[PDB]
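[1] structure, please.
(3 chains, ligands or ions: 6)
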Amino acid sequence: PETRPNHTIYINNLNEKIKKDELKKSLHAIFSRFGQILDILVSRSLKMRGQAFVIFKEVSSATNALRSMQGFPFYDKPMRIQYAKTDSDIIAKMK
RNA sequence: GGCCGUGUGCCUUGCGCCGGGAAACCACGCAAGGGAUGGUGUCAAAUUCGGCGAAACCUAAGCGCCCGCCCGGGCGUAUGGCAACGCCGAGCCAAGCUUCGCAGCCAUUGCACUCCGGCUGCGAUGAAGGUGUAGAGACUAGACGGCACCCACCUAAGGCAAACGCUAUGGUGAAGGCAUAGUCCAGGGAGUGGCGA
RNA sequence: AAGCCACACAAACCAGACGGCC
Ligand SMILES: [K+]
Ligand SMILES: [Mg+2]
Ligand SMILES: [Mg+2]
Ligand SMILES: [Mg+2]
Ligand SMILES: [Mg+2]
Ligand SMILES: [Mg+2]
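    Numbers count the residues shown, from 1 in each chain, chains lettered A, B, ... in the order given. Ligands and ions are numbered 1, 2, ... in the order given. Next up is the structure itself:
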């Protein structure tokens, strides 16, 4: 239901039919009206397809995002989020 | 369409070998003989533009030699010619494989930051091979062609095996297609004339 | 020379390696 804090969040269950390039923008701002963003890495692999990694800058932006958007049916399809289990190779990269 | 020969290709055998492969086998120089050269299925597209190369075989302008002297001849000779055929650059190509994109759909609920699921179709693509390369050229097929598989035989790195050894993804099963089987038309057969020596 | 190129054309045959004999 919930997850441990993280400057980025994990979201699943989507209509991959979309364009990686496309979906990335259909989030770029879709998930940024309360905080900044770093990168919405997404893949189409038989593994990563159907999932994305919203990256913020501030924990809060995420703490909130994790709620101000959870369970929301994206493209006539629900949604599932969870703070990331491993702070992205961008944050844990620098700090 | 039979027999002799000439050249180029080709395989077999012998011999030589900086050589590639682990091995078989390929390659390369070369000499001599024509015994031997697997099967089914699939593809039929592109078939364009340029350039180098070239045996035998033809002809003898010039040159050399000779008929003692020019005239005229005779002898030798190819880079003049045909041509089996060896290839390059650029362009394009069926289906099979590379890899990228979209569509059925089949499956996926999957925690990542270096990409990448699977048949089917369309497009692009890359490495082969082909095309350019016939008697001018035109159209059909398919084989000796491309591709998949099967078989026979060879060696066995690797994987397997305690081990004698086992096994291909590897290798042998010619070349022909610079028109092969065909149907066309050319060309000669058999005219005229221009270049030419 | 050989050959080569134009327009013209009767056949069978020859004809897409060459030179010969039949
Ligand atoms: K072995
Ligand atoms: Mg050809
Ligand atoms: Mg052999
Ligand atoms: Mg021929
Ligand atoms: Mg023919
Ligand atoms: Mg020929």
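[2] please count neighbours and contacts with C-alpha atoms only from this point.
    Fine.
[3] could you pull out the strands for chain A?
    A:8-12, A:41-43, A:51-55, A:80-83 (DSSP state E).
[4] chain center to the third one: distance?
    Pointing back at strand A:51-55 there. How far strand A:51-55 lies from its chain's middle: 3 Å, per Cα atoms, centre = their mean, to the nearest Å.
[5] and that strand with strand A:8-12, angle?
    160 degrees (axes from the mean of the first three to the mean of the last three Cα atoms, to 10 degrees).
[6] helices or strands up against strand A:51-55?
    strand A:8-12, strand A:41-43 (3 or more Cα pairs under 8 Å, 6 or more residues apart in numbering; DSSP states H and E).
[7] is that strand anywhere near RNA strand B?
    Yes - counting by Cα under 7 Å from any atom of the strand, RNA strand B has neighbours in strand A:51-55: A:51, A:53.
[8] paired strands for that strand, with orientation please.
    Within its sheet, and counting by DSSP bridges, strand A:51-55 is paired with strand A:8-12 (antiparallel), strand A:41-43 (antiparallel).
[9] highest mean neighbour count out of those strands?
    By mean neighbour count, with neighbours taken as mean count of other Cα atoms under 10 Å, strand A:8-12 ranks first of the strands paired with strand A:51-55 at a mean of 22.
[10] how about it and RNA strand B, touching?
    Yes - judged by Cα under 7 Å from any atom of the strand, strand A:8-12 and RNA strand B are in contact via A:8-10, A:12.
[11] got a list of contacts for that strand?
    Residues from elsewhere that reach strand A:8-12 (Cα atoms under 8 Å, 6 or more residues apart in numbering): A:50-56, A:59, A:62, A:66, A:79-84, A:87-88.
[12] so who does the spatially most central residue of chain A touch?
    Closest residue to the average C-alpha location of chain A: residue A:54 at 2.6 Å, with Cα atoms, centre = their mean. By Cα under 8 Å, 6+ apart, the contact list for residue A:54 reads A:8-11, A:31, A:37-41.
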